[PDB]
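**Q** PDB entry and its sequence, pasted below:
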Amino acid sequence: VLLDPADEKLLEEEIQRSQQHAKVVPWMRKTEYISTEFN
Amino acid sequence: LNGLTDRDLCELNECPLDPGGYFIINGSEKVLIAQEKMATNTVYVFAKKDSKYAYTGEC
């Protein structure tokens, strides 16, 4: 049986947006949690 | 507690974040507040108004 990925994508009707949480910004950073071992 | 690891401090029921630097006297954490003073061995010249002295070289 034949199953091309180009045919696999045409089986769906519409599945395929923004990523603006990830944007690099020098006045903003990330976060830090509680490990068990540290300094 | 000197150099003692976080594991061991927790085993001692101590806090690895606790800074130290205080005494325990009869169970009370007592800090010695750093007391400011005039520097020793150093000459200082002051004018003390309301006195017979125009200038005073303290040491």
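**A** That came through, no problem. Numbering: from 1, shown residues only, chains lettered A, B, ... in the order given.
**Q** and residue A:7, helix, strand or coil?
**A** helix (DSSP: H, G, I helix; E, B strand; the rest coil).
**Q** and it, how many residues sit next to it?
**A** Using other C-beta atoms under 10 Å in any protein chain shown, the number of residues around residue A:7 comes to 9. Bear in mind the C-beta positions are built from the backbone N, C-alpha and C, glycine included.
**Q** so who does the residue of chain A found nearest chain B touch?
**A** In chain A, no residue comes nearer to chain B than residue A:37, which is 6.0 Å away by C-beta to the nearest C-beta. Residues counted as contacts of residue A:37 (C-beta atoms under 8 Å, 6 or more residues apart in numbering or on different chains) are B:5, B:6, B:7.
**Q** buried members of those into PyMOL, please.
**A** This is the PyMOL syntax for the buried subset of the contacts of residue A:37, where burial follows 16 or more other C-beta atoms under 10 Å in any protein chain shown:
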select buried, chain B and resi 6
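**Q** which single one of the contacts of residue A:37 is nearest to chain A?
**A** When these are compared for distance to chain A (C-beta to the nearest C-beta), residue B:6 wins out at 6.0 Å.
**Q** coming back round to it: quick one, phi/psi of the residue of chain A closest to chain B?
**A** Here is the backbone geometry of residue A:37 (degrees, to the nearest 10): phi -120, psi 130.
**Q** what's the answer for residue B:30, then?
**A** Residue B:30 has phi and psi values of phi -110, psi 120 when expressed as degrees, to the nearest 10.
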